[PDB]
Amino acid sequence: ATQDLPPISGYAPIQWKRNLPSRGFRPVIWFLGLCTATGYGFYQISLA
Amino acid sequence: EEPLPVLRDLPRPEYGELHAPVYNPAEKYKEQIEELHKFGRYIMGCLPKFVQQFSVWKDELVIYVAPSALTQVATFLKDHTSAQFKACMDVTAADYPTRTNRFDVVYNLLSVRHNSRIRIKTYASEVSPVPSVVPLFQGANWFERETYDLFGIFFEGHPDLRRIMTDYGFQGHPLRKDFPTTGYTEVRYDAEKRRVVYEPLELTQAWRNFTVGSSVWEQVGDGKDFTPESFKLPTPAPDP
Amino acid sequence: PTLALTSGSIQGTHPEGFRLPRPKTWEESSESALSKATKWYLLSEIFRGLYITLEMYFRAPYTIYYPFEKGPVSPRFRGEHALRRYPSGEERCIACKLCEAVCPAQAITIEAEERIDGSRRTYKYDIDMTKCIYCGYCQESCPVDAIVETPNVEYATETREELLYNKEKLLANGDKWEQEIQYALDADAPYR
Amino acid sequence: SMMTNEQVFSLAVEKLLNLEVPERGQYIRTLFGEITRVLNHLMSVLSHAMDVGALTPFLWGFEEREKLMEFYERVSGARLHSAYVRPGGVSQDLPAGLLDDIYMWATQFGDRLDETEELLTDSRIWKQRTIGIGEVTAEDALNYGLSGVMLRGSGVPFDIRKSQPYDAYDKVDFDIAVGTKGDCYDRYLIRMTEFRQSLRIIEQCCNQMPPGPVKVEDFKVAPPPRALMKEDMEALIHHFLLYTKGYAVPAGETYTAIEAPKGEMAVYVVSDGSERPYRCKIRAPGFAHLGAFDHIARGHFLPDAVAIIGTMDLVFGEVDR
Amino acid sequence: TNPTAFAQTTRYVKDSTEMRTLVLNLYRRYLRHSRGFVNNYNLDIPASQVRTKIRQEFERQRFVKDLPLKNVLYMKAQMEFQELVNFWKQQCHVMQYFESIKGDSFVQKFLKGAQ
Amino acid sequence: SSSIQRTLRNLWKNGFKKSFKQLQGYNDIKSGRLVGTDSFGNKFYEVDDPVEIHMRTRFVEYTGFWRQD
Amino acid sequence: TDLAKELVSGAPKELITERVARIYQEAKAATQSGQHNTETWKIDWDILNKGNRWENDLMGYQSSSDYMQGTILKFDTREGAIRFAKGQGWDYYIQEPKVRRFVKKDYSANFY
Amino acid sequence: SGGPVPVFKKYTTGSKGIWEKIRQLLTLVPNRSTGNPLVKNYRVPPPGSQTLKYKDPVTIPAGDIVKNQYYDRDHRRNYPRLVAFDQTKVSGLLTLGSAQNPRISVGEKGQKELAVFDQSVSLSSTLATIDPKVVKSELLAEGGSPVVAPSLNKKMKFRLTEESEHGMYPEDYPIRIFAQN
Amino acid sequence: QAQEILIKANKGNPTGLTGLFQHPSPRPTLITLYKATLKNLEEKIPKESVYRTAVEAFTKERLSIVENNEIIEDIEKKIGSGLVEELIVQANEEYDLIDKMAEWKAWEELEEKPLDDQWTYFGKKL
Amino acid sequence: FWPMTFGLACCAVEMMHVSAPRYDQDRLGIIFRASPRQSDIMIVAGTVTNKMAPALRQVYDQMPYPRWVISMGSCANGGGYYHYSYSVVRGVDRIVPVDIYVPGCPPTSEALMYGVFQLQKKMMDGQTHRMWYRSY
Ligand SMILES: CCCCCCCCCCCC(=O)OC[C@H](COP(=O)(O)OCC[N+](C)(C)C)OC(=O)CCCCCCCCCCC
Ligand SMILES: CCCCCCCCCCCC(=O)OC[C@H](COP(=O)(O)OCC[N+](C)(C)C)OC(=O)CCCCCCCCCCC
Ligand SMILES: CCCCCCCCCCCC(=O)OC[C@H](COP(=O)(O)OCC[N+](C)(C)C)OC(=O)CCCCCCCCCCC
Ligand code: SF4
Ligand code: SF4
Ligand code: SF4
């Protein structure tokens, strides 16, 4: 009006709680992937 | 996925003429005034040998004690369950040269227990020592170190009292009223001596004292009476 | 009846659940041994920490290329001082000495007398720009808006003598920055 | 923490003056009491991390500081030393469109805290530098007068915005976080919570902002508006005497404490019925913290001292007032 | 919390004789460290003058009678020692302490403005 | 605002000599609508590019080449 | 009181030997009719016979080497001022304020 | 509440088209804003080019031309007077009661009693010689109970929340979030 | 007599406050110190002192609540002064005070009255 | 242009903001160094007290040539708000030679960069080696 005021219906709510969703596969799957790479790697070393 | 609103253009409330009640801000402390008065008297009754007097202002209770009554009253207010002031927030002083003991040492205690603050006032002169509360409150080690630096108060029982703020070998205690605001000396780099040297004070523009043009009329009245009606001596009513 | 009977208060009473439970032992960890060791040996959170930092590498930076661009300024900004004029050309200051008395740092020196034609004007007016705290009190106290702070900030000087603005210097600033002072005065007039 | 500094002098003087700020003024001092709190922790938490080694989280936050200092300059005219809060209220009213900028910054700022908590909260190197470092017991904290976060890290749930609510802090709803281990990692978590509680108050002050005067409607303690000054005789008299003689404060004394971002900051102002304070002792939280440094650093290594200084938030202007 | 090096408790003495023993004891402590004062502060004068000027300042207060004045001058007596030992003062301060230096006739002071 | 496309479009709009000067003092290759020239001779542009960041939508072209004040 | 308290104040010796203080009560100003600034006793120091004020050559300031030029003390009793001056060992001199003589003033006196 | 908010609902610059789909496929948390403010929204009418004509706000009772006498709202001169209670006045209040609960005779007999406590009366003696009911009724509280330190905030209480409510760190992290209750 | 009690455990489950461990025997320890304080109060502090009446007011009250409340959580909410481990230190300090309170003889006449000009600020009596 | 991190008080906060992302002093080759040996610019950002004064001279003497000193803000320039204090040096140019004075309380980040830009223009005007050929 003649002052700095919020709108009639107010402002929309904002995000202020923690937002850190975890990412990546389960820890077991990464270990399976590691022992697959190790097994395949020594297969190719043993082949050569 | 609607486009974001332009918050500049959204409608704003319309108001006509605004109304705000006018009432004395000191009224809202009324309940706090009585309870501090009761608890202030309680300490005096428990320790009549030490508490010279107590005073209440709005939501602040002050206990006035002698220097020889300090350790006793401080200990009582720290250990008594009804008043557990484990935390000492401030140790300071003030200079009133007109009084015989100029320095007025003030302690602020915090009770995280009951959510209260109490104030201890104890006087001191230039040469008379004051008991140190460091054996009770470890947080007063530096607050006492600062008060001596700026007021020269002798604190008896302090494990290590020394300058904390002013330079080493600084002459005079700055916050004493007789000490000029610009001090006595100043430093500069002397080419001959290859070192920074002290010289007597000499201002290129002398300080201007505009404080002389203070008010010649008294500006605030005698005040108002806000003592609880349970702490005034009753008037003996006239006879028939 | 209050809890003064036991020397207790509402404030001293802790909320429900305040006492901590029994800390878990090594047999109450939900993670299996291998899961806890795969995260430990393969640096689970560190590789995530790198990945979040690498997201910023593909974002627009914040840097602006000063002096070819300038950060935002507002009409209330306090900068270099300037003495203003009326449109007719007469100096705005009537040597009232208000600004000298507000000035927290005592940076202003005013010497005044009756002008040659009778006007109440000042013949000496200095600001010790190395003593001013750029606080805006002189500007607020001037009854005729004679002393203002222009939005200028780029006036660093080689010698300190050049930072003792005398009345000639401040009036030369008021002429130089008159257009920009009007920009700020027009915008922020009603708020004062 | 520039504006909270001048809020504790305003509260003390208004307390001595028996005056109360109008409703809108109190919301502005809460709005900029939390913008200032966000400004402080961005400086404190992120420079603490910089000492520990994390250089990048410093830089990300300091662009938020640039965005927040713009609000300082838009209302007062100075980025840092805004003499905005004064005894009786604030200097000027908010400029048009400031609320819509505090909001637009507030919508995004939540993600800026997450990207800070990404690099530090779960980092094993960060937790090795802080967990078990600088431990403080509740008995020791109360004895040395440790306040603010270096008392709620030790487990004590005390906060001055609750013990003595001031300037619209009683109207908004917000939580506090209390530690349990009294170490640097607990104080790190509490500060990161105080970020999100500030962003929770800041939104409410954007929605509950009332209209009306920002300062006491008492021209004998607040300067009259310039337009009224140049047209009304009594305004000119009061404008004259306020800027030369000052205003008299009734005699007495006070001790006003606020929950400063560093801790409990308080002033002991003694009045004499004159226009100049007779005494003004300033109780800086950092000064009481730095005394307890010897009692805490006893039994730690040189890389551990750097953490303890950062977890104390020692800005030495307050220590050496 | 523990006190720093060469620190002492602050006790207000109540006997005159007790103080002089403390006063005399403290004097050798100044004298004992005199060579180290020169070495640590790189003083340009031999340690003999350092011992020389220490003694003079003790005598300056010798004739105080009232007791409360005696303590404060002793409390500050210890503090100056403690700062000197621990290398707290800088070289500039100590040099200027020992680098200090007949009045003019009435005409001479009158000629140059006097005081 | 950092991609080489934004530098390519601005490089082509200005031409060589205008862009070479910005490659010498500005360190960035920008192009904008000319708004006016001041008494000293500097020219002030405004950037219409939708990708330019918040504080970089206005700039100057100083009169000199090796120095700017 | 009786003690030579100045030996603990750290003040320069010249305030005892070379300067003179004055204990006075400020007089009523002719311009204004208020009578409040004349109810507290004050201590001020005499100016110096040379070097109290001199014009700075560059900007025309008021340079000074007197470090007591802007030091005025306040009291509420005359004795406290004298006692405080005695304690510091100051070479003071007291200026007794003048006392206005009472004269009754009557509205009717303009004709009688 | 402070729940996560979709990125296109925040006032920051965001990608469009094929790059938006790339941005969502590769980012850890797709609703995280770049932080670069919207050029078309943020500060678009600068503080020096607004449209609002400001008007000085004035609440009616203190800004009115009528019913607005200054002595009604002159709070600076209605400050609470400073009263200090010495031992003597405590004794007088203790022996004679208060103004609300009088324990003093009337007329000249009462005026005799008040004058007794108009000069020094040490409180140590007063408690030694007075009815034990007086202490339980005046000095102490609730029948002899002590006087607990008064609270600056009678509404200061706390309660424990949990992550489903306070949204902060889960139960494993070593801090707890306290609400008001 | 030689009855040795534990005031602050140095090991055990935490209580939520740093440095304040859980007390192995909360209830018996409180009862021992409450009974000692009531006993030791009368040994040294006379009856006319209000302080003696004040301690016997609530040390009795805290002694009666402990007996009838075997559940620790019922003790805390009814005393209302924190955790039980804290109440031990309150009780202990309540005991130490009487040893010093008796020594100070703090029921007697004001040892040192202020001078006539002490609590006067700027020409007004406080 | 590697300065020395000699921030003392509130003037140092603006000094750090020059290095922040918005202004990014590093983009111009400015890296704050923590040692006189690796620094050639001394930036006095804050109040110079009497107790700090001898240390400031010692730190200044330890900088290898060529060296320049910038005075930032009102405290370093001429005392500023604390000009009439008993523990403040009224201008750091009473202790070290100052090559350029940046005015403000505190100077804005752009005001400090203008001071740095002004000094660089002066350093590019030096003729240290042509002086030998002509003046010597
Ligand atoms: C493949 C080669 C590149 C990556 C090499 C390193 C692998 C690290 C993850 C294994 C360790 C671990 O512990 O993995 C498991 C962990 C943690 O899972 P959680 O917290 O229990 O998940 C919670 C519950 N869920 C399973 C339902 C979600 O997942 C991660 O943190 C994944 C991190 C992915 C981002 C980092 C990769 C990109 C780095 C740079 C590549 C150029
Ligand atoms: C069998 C498969 C073999 C795999 C081999 C790989 C092992 C690597 C190390 C894992 C152990 C570990 O991270 O240990 C963490 C150690 C010591 O931790 P601690 O003192 O024991 O406490 C934690 C464990 N607790 C609680 C069980 C006792 O310190 C660290 O934070 C080291 C972090 C180094 C990070 C360097 C940056 C990485 C750069 C490369 C990627 C860009
Ligand atoms: C073993 C060591 C290997 C070499 C090391 C490299 C050093 C880096 C070079 C410094 C550059 C510099 O400083 O360029 C900028 C400086 C400073 O310009 P100014 O201060 O504005 O004054 C100069 C301008 N006036 C006087 C007109 C105001 O000169 C110049 O404008 C140079 C302008 C002409 C350049 C002609 C170059 C000819 C071609 C050379 C390549 C084919
Ligand atoms: S801005 Fe403030 S400090 Fe500077 S000249 Fe004006 S009143 Fe004085
Ligand atoms: S306030 Fe304005 S009119 Fe008065 S002396 Fe200062 S500049 Fe001149
Ligand atoms: S000049 Fe101003 S901003 Fe700089 S240090 Fe001094 S007071 Fe702080």
# chains A, B, ... in the order shown; residues from 1 in each chain; ligands from 1
$ interface_residues --of "chain H" --to "chain F" --cutoff "8 Å" --atoms "only C-alpha atoms" --output "PyMOL selection string"
chain H and resi 36-39+42
$ interface_residues --of "chain A" --to "chain B" --cutoff "10 Å" --atoms "only C-alpha atoms" --output "NGL selection string"
:A and (1-11)
$ write_last_selection --atoms "N, CA and C atoms" --output "short mmCIF file (atom, residue, chain, number, x, y, z; two decimals), in the first residue's frame"
data_model
loop_
_atom_site.label_atom_id
_atom_site.label_comp_id
_atom_site.auth_asym_id
_atom_site.auth_seq_id
_atom_site.Cartn_x
_atom_site.Cartn_y
_atom_site.Cartn_z
N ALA A 1 0.85 -1.17 0.00
CA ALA A 1 0.00 0.00 0.00
C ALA A 1 0.90 1.23 0.00
N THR A 2 1.33 1.65 1.18
CA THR A 2 2.32 2.70 1.31
C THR A 2 3.43 2.23 2.23
N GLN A 3 3.57 0.91 2.32
CA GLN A 3 4.62 0.28 3.11
C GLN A 3 4.97 -1.06 2.49
N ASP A 4 6.13 -1.58 2.86
CA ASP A 4 6.57 -2.88 2.39
C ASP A 4 5.92 -3.96 3.24
N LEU A 5 4.98 -4.68 2.66
CA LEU A 5 4.15 -5.65 3.35
C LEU A 5 4.10 -6.95 2.57
N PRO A 6 3.83 -8.07 3.23
CA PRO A 6 3.64 -9.34 2.52
C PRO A 6 2.31 -9.37 1.80
N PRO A 7 2.14 -10.28 0.84
CA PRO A 7 0.86 -10.38 0.13
C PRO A 7 -0.28 -10.77 1.07
N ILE A 8 -1.50 -10.65 0.55
CA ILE A 8 -2.68 -10.91 1.38
C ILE A 8 -2.68 -12.34 1.87
N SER A 9 -2.40 -13.29 0.98
CA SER A 9 -2.41 -14.70 1.32
C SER A 9 -1.06 -15.20 1.83
N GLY A 10 -0.08 -14.31 1.99
CA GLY A 10 1.22 -14.69 2.46
C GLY A 10 2.07 -15.31 1.37
N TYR A 11 3.26 -15.72 1.76
CA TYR A 11 4.18 -16.37 0.84
C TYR A 11 4.07 -17.88 0.97
#
$ interface_residues --of "chain G" --to "chain I" --cutoff "9 Å" --atoms "only C-alpha atoms" --output "ChimeraX atom specification"
/G:40,75-77
$ residues_near_ligand --ligand "ligand 5" --cutoff "12 Å" --atoms "only C-alpha atoms and all ligand atoms" --output "PDB file with C-alpha atoms, in the first residue's frame"
ATOM      1  CA  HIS C  81      30.660  13.427   1.113  1.00  0.00           C
ATOM      2  CA  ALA C  82      29.448  16.361  -0.945  1.00  0.00           C
ATOM      3  CA  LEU C  83      28.081  19.820  -0.187  1.00  0.00           C
ATOM      4  CA  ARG C  84      25.028  20.678  -2.270  1.00  0.00           C
ATOM      5  CA  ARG C  85      23.425  23.793  -3.751  1.00  0.00           C
ATOM      6  CA  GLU C  91      25.025  27.128  -1.096  1.00  0.00           C
ATOM      7  CA  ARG C  92      22.550  25.034   0.846  1.00  0.00           C
ATOM      8  CA  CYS C  93      24.446  25.151   4.147  1.00  0.00           C
ATOM      9  CA  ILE C  94      23.432  27.956   6.499  1.00  0.00           C
ATOM     10  CA  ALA C  95      26.332  27.185   8.829  1.00  0.00           C
ATOM     11  CA  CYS C  96      23.952  25.852  11.453  1.00  0.00           C
ATOM     12  CA  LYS C  97      26.634  23.521  12.915  1.00  0.00           C
ATOM     13  CA  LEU C  98      24.225  20.635  13.535  1.00  0.00           C
ATOM     14  CA  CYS C  99      26.291  18.082  11.622  1.00  0.00           C
ATOM     15  CA  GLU C 100      29.355  19.049  13.633  1.00  0.00           C
ATOM     16  CA  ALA C 101      27.545  18.226  16.882  1.00  0.00           C
ATOM     17  CA  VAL C 102      26.086  14.865  15.830  1.00  0.00           C
ATOM     18  CA  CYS C 103      29.284  13.565  14.221  1.00  0.00           C
ATOM     19  CA  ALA C 107      35.334  14.633  11.736  1.00  0.00           C
ATOM     20  CA  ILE C 108      33.751  18.008  10.889  1.00  0.00           C
ATOM     21  CA  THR C 109      35.193  21.473  11.519  1.00  0.00           C
ATOM     22  CA  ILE C 110      32.920  24.433  10.743  1.00  0.00           C
ATOM     23  CA  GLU C 111      33.796  28.112  11.053  1.00  0.00           C
ATOM     24  CA  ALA C 112      31.107  30.602  10.119  1.00  0.00           C
ATOM     25  CA  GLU C 113      30.131  34.265  10.196  1.00  0.00           C
ATOM     26  CA  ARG C 120      24.527  33.236   7.396  1.00  0.00           C
ATOM     27  CA  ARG C 121      27.207  31.314   5.524  1.00  0.00           C
ATOM     28  CA  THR C 122      30.279  29.282   6.377  1.00  0.00           C
ATOM     29  CA  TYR C 123      33.762  30.282   5.270  1.00  0.00           C
ATOM     30  CA  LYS C 124      35.562  27.185   6.575  1.00  0.00           C
ATOM     31  CA  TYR C 125      34.219  23.638   6.394  1.00  0.00           C
ATOM     32  CA  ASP C 126      36.451  20.570   6.637  1.00  0.00           C
ATOM     33  CA  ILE C 127      35.781  16.866   6.887  1.00  0.00           C
ATOM     34  CA  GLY C 136      25.398   9.128   7.796  1.00  0.00           C
ATOM     35  CA  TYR C 137      24.508  11.118  10.908  1.00  0.00           C
ATOM     36  CA  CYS C 138      25.533  14.454   9.402  1.00  0.00           C
ATOM     37  CA  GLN C 139      23.289  13.695   6.440  1.00  0.00           C
ATOM     38  CA  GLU C 140      20.319  12.907   8.689  1.00  0.00           C
ATOM     39  CA  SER C 141      20.752  16.021  10.815  1.00  0.00           C
ATOM     40  CA  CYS C 142      21.091  18.588   8.041  1.00  0.00           C
ATOM     41  CA  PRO C 143      17.873  20.654   7.947  1.00  0.00           C
ATOM     42  CA  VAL C 144      18.438  21.769   4.350  1.00  0.00           C
ATOM     43  CA  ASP C 145      20.100  18.646   2.897  1.00  0.00           C
ATOM     44  CA  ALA C 146      23.347  20.548   2.420  1.00  0.00           C
ATOM     45  CA  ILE C 147      25.630  17.646   3.385  1.00  0.00           C
ATOM     46  CA  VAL C 148      25.023  14.234   1.808  1.00  0.00           C
ATOM     47  CA  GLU C 149      27.016  11.124   0.980  1.00  0.00           C
ATOM     48  CA  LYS C 167      35.047  23.463   1.638  1.00  0.00           C
ATOM     49  CA  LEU C 170      33.319  19.276  -0.958  1.00  0.00           C
ATOM     50  CA  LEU C 171      31.532  21.872  -3.084  1.00  0.00           C
TER      51      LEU C 171
ATOM     52  CA  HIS D 239      14.945  17.601  15.563  1.00  0.00           C
ATOM     53  CA  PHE D 240      17.288  20.357  16.734  1.00  0.00           C
ATOM     54  CA  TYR D 243      20.897  15.977  17.122  1.00  0.00           C
ATOM     55  CA  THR D 244      22.835  18.381  19.357  1.00  0.00           C
TER      56      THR D 244
END
$ residues_around --residues "range 34-36 of chain A" --least-positions-apart "5" --cutoff "12 Å" --atoms "only C-alpha atoms" --output "list in words"
residues 27, 28, 29, 41, 42 and 43 of chain A; 38, 41 and 42 of chain C
$ write_last_selection --atoms "N, CA and C atoms" --output "PDB file, in the first residue's frame"
ATOM      1  N   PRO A  27      25.568 -51.595   0.039  1.00  0.00           N
ATOM      2  CA  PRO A  27      26.997 -51.887   0.225  1.00  0.00           C
ATOM      3  C   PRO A  27      27.396 -53.281  -0.216  1.00  0.00           C
ATOM      4  N   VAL A  28      26.495 -54.257  -0.124  1.00  0.00           N
ATOM      5  CA  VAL A  28      26.823 -55.610  -0.558  1.00  0.00           C
ATOM      6  C   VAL A  28      27.075 -55.646  -2.059  1.00  0.00           C
ATOM      7  N   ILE A  29      26.292 -54.888  -2.828  1.00  0.00           N
ATOM      8  CA  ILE A  29      26.419 -54.926  -4.282  1.00  0.00           C
ATOM      9  C   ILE A  29      27.758 -54.354  -4.725  1.00  0.00           C
ATOM     10  N   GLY A  41      39.647 -59.590 -13.586  1.00  0.00           N
ATOM     11  CA  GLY A  41      40.962 -59.036 -13.850  1.00  0.00           C
ATOM     12  C   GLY A  41      42.044 -60.093 -13.841  1.00  0.00           C
ATOM     13  N   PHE A  42      42.031 -60.961 -12.829  1.00  0.00           N
ATOM     14  CA  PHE A  42      43.006 -62.041 -12.770  1.00  0.00           C
ATOM     15  C   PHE A  42      42.742 -63.112 -13.811  1.00  0.00           C
ATOM     16  N   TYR A  43      41.534 -63.166 -14.363  1.00  0.00           N
ATOM     17  CA  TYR A  43      41.297 -64.042 -15.501  1.00  0.00           C
ATOM     18  C   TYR A  43      42.056 -63.557 -16.725  1.00  0.00           C
TER      19      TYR A  43
ATOM     20  N   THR C  38      32.582 -52.385   3.740  1.00  0.00           N
ATOM     21  CA  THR C  38      32.585 -51.936   2.354  1.00  0.00           C
ATOM     22  C   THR C  38      32.520 -50.417   2.271  1.00  0.00           C
ATOM     23  N   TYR C  41      36.170 -49.314   3.557  1.00  0.00           N
ATOM     24  CA  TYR C  41      37.298 -49.548   2.667  1.00  0.00           C
ATOM     25  C   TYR C  41      37.146 -48.837   1.333  1.00  0.00           C
ATOM     26  N   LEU C  42      35.919 -48.616   0.872  1.00  0.00           N
ATOM     27  CA  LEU C  42      35.688 -47.988  -0.420  1.00  0.00           C
ATOM     28  C   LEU C  42      35.325 -46.515  -0.312  1.00  0.00           C
TER      29      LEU C  42
END
$ interface_residues --of "chain D" --to "chain H" --cutoff "6 Å" --atoms "only C-alpha atoms" --output "ChimeraX atom specification"
/D:17-18,104,107-108,111,163,175-180,212-213
$ write_last_selection --atoms "C-alpha atoms" --output "PDB file, in the first residue's frame"
ATOM      1  CA  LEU D  17      13.939   4.849  28.999  1.00  0.00           C
ATOM      2  CA  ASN D  18      10.754   2.977  30.005  1.00  0.00           C
ATOM      3  CA  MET D 104      13.278 -15.319  -2.887  1.00  0.00           C
ATOM      4  CA  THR D 107      13.388 -20.374  -0.964  1.00  0.00           C
ATOM      5  CA  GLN D 108      16.847 -21.298  -2.261  1.00  0.00           C
ATOM      6  CA  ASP D 111      19.798 -26.084  -0.511  1.00  0.00           C
ATOM      7  CA  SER D 163      14.569 -17.132  29.113  1.00  0.00           C
ATOM      8  CA  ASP D 175      13.126 -25.097  18.218  1.00  0.00           C
ATOM      9  CA  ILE D 176      16.584 -25.330  19.751  1.00  0.00           C
ATOM     10  CA  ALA D 177      19.177 -28.089  19.571  1.00  0.00           C
ATOM     11  CA  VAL D 178      21.010 -29.465  22.598  1.00  0.00           C
ATOM     12  CA  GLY D 179      24.205 -31.482  22.449  1.00  0.00           C
ATOM     13  CA  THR D 180      25.192 -34.464  24.537  1.00  0.00           C
ATOM     14  CA  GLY D 212       2.728   0.773  11.296  1.00  0.00           C
ATOM     15  CA  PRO D 213       5.521   2.849  12.784  1.00  0.00           C
TER      16      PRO D 213
END
$ residues_near_ligand --ligand "ligand 3" --cutoff "7 Å" --atoms "only C-alpha atoms and all ligand atoms" --output "JSON, numbers by chain"
{"F": [66, 67], "J": [124, 125]}
$ residues_near_ligand --ligand "ligand 1" --cutoff "12 Å" --atoms "only C-alpha atoms and all ligand atoms" --output "PyMOL selection string"
(chain A and resi 20-34+37) or (chain C and resi 30-32+34-55) or (chain D and resi 118+122-123) or (chain H and resi 26-29)
